[PDB]
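Student: sequence first, structure after; it's an experimental one.
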Amino acid sequence: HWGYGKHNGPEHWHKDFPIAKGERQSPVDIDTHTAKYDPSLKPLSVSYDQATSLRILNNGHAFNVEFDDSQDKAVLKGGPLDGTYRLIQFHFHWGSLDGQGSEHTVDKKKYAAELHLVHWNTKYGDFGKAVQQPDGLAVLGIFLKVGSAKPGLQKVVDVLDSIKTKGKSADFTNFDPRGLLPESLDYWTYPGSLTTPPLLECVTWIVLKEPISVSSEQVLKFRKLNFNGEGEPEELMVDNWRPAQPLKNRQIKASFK
Ligand SMILES: NS(=O)(=O)c1c(F)c(F)c2c(c1F)N(CC1CCCCCCC1)CCS2(=O)=O
Ligand SMILES: [Zn+2]
């Protein structure tokens, strides 16, 4: 029953998930002036050359591209991380309008969408164990602005009509997530949470400074998806973002000056 509506949206989630009011919730606004450059932060190591995509799923929240995570095929290392984190899936959040849709904001600026590449710390053995740990996940967040198309996004765009409604999936092999990355891997980082229920406080967030551009047509195709299942009243899948949460007793670090 949680969702993004008037009667079941972010404002309501604390009743079923009291951690919603916790000490390390995400997303947050990234105040670029008060983020501290940390010269000890390492470059991010994104190793996606052996990624094995399997499937794309509409789970009633977003669309989700899932990978084989039963071996170290696509991993994230370095940056603020001390472990080796395996890619399990990516998904997006987006708006009804080009001027909203991101979860994180930058100096209060909202982007049209935000890509989340989810990785789990291999020292915990499975994803289900990892989400129970304060250093279980590392989510790489990438902003999307509307402008020129992103060619490496088009294969995703093109399959969306085959997963229009909740519970639909489609085979999605040989997708290369390197086509979704910007030129720079400069980043901000802070400790936070899942941005959807169950809102677990298990995530090291790494948000890239440089957005990617996508076209107005690419994001318009995201907005054709449905929150509902087939045979139910149509509800367009838009505005599936949680707003910025209190930073509380946290410092956002920058890898760059
Ligand atoms: N936004 S976020 O990056 O913090 C985030 C996340 F970190 C995740 F790990 C997952 C998310 C999710 F958003 N989702 C959304 C799911 C999470 C809970 C299970 C199924 C219900 C829909 C929402 C995809 C599955 S998931 O891979 O478990
Ligand atoms: Zn997300």
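Tutor: Looks like it arrived, so ask away. Numbers count the residues shown, from 1 in each chain. Ligands and ions are numbered 1, 2, ... in the order given.
Student: does residue 20 touch residue 199 like I think?
Tutor: Yes. Taking Cβ atoms under 8 Å as the definition, residue 20 is a contact partner of residue 199 at 5.3 Å. Every residue, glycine included, has its C-beta placed from N, CA and C.
Student: what's the burial count for residue 204?
Tutor: Using other Cβ atoms under 10 Å, residue 204 has 24 neighbouring residues.
Student: doesn't it belong to a helix?
Tutor: No. Residue 204 is assigned strand when assessed by DSSP: H, G, I helix; E, B strand; the rest coil, not a helix.
Student: and what about the nearest residue to it once chain neighbours are set aside, helix, strand or coil?
Tutor: Leaving aside its chain neighbours, residue 204 sits nearest to residue 138 (4.8 Å; criterion: Cβ to Cβ, 6 or more residues apart in numbering). Of the three states, residue 138 takes strand under three-state DSSP.
Student: and residue 138, what does it touch?
Tutor: Listed by Cβ atoms under 8 Å, 6 or more residues apart in numbering, the contact set of residue 138 reads 76, 79, 81, 85, 119, 120, 121, 203, 204, 206.
Student: and the fourth one, what are its bridge partners?
Tutor: Partner residues in beta bridges with residue 85: residue 76, residue 121, with DSSP bridges as the criterion.
Student: does it touch residue 139 like I think?
Tutor: No. When contacts are counted by Cβ under 8 Å, residue 85 is not listed as touching residue 139 (9.4 Å).
Student: joint contacts of these two?
Tutor: Listed as contacting both residue 85 and residue 139 by Cβ under 8 Å, 6+ apart are residue 119.
Student: between those two, which has more neighbouring residues?
Tutor: Neighbour count, other Cβ under 10 Å: between residue 85 and residue 139, residue 85 has more, with 28 against 24.
Student: residues contacting that one?
Tutor: By Cβ under 8 Å, 6+ apart, the residues touching residue 85 are 75, 76, 77, 119, 120, 121, 122, 137, 138.
Student: could you rerun that using 6 Å?
Tutor: Residue 85 sits next to 76, 119, 121, 138 when contact means Cβ atoms under 6 Å, 6 or more residues apart in numbering.
Student: so where does residue 118 fall, helix or strand?
Tutor: According to DSSP states H and E, residue 118 maps onto strand 113-121.
Student: so what's residue 124 up against?
Tutor: 130, 133, 136 are the contacts of residue 124 under Cβ under 6 Å, 6+ apart.
Student: looks like the first one contacts residue 120 (just checking).
Tutor: Yes. With contact defined as Cβ atoms under 6 Å, residue 130 and residue 120 form a contacting pair (3.9 Å).
Student: residues that sit against both of those two, list them.
Tutor: Residues touching both residue 130 and residue 120 by Cβ under 6 Å, 6+ apart: residue 137.
Student: I'd like to know how far residue 97 sits from ligand 1.
Tutor: Distance of residue 97 to ligand 1, computed by Cβ to the nearest ligand atom, to the nearest Å: 20 Å.
Student: same question for residue 99.
Tutor: Going from residue 99 to ligand 1 by Cβ to the nearest ligand atom gives 20 Å.
Student: which residue is the nearest non-sequential neighbour of that residue?
Tutor: Leaving aside its sequence neighbours, residue 99 sits nearest to residue 110 (Cβ to Cβ, 6+ apart; 6.2 Å).
Student: so what does the one you found have for phi and psi?
Tutor: Main-chain torsions, residue 110, degrees, to the nearest 10: phi -100, psi 140.
Student: pretty sure it sits against residue 98.
Tutor: No. Shown here, residue 110 and residue 98 do not form a contact pair, counting by Cβ under 6 Å, at 9.7 Å.
Student: which of those two has more residues huddled nearby?
Tutor: Higher neighbour count among residue 110 and residue 98: residue 110, with 22 against 18, using other Cβ under 10 Å.
Student: rebuild the contacts of residue 138 as JSON lines, extending it with distance to ligand 1.
Tutor: Shown next, in JSON lines, are the contacts of residue 138 (distance: Cβ to the nearest ligand atom, whole Å):
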{"residue": "76", "distance to ligand 1": "13"}
{"residue": "79", "distance to ligand 1": "16"}
{"residue": "81", "distance to ligand 1": "15"}
{"residue": "85", "distance to ligand 1": "12"}
{"residue": "119", "distance to ligand 1": "9"}
{"residue": "120", "distance to ligand 1": "8"}
{"residue": "121", "distance to ligand 1": "12"}
{"residue": "203", "distance to ligand 1": "6"}
{"residue": "204", "distance to ligand 1": "11"}
{"residue": "206", "distance to ligand 1": "11"}
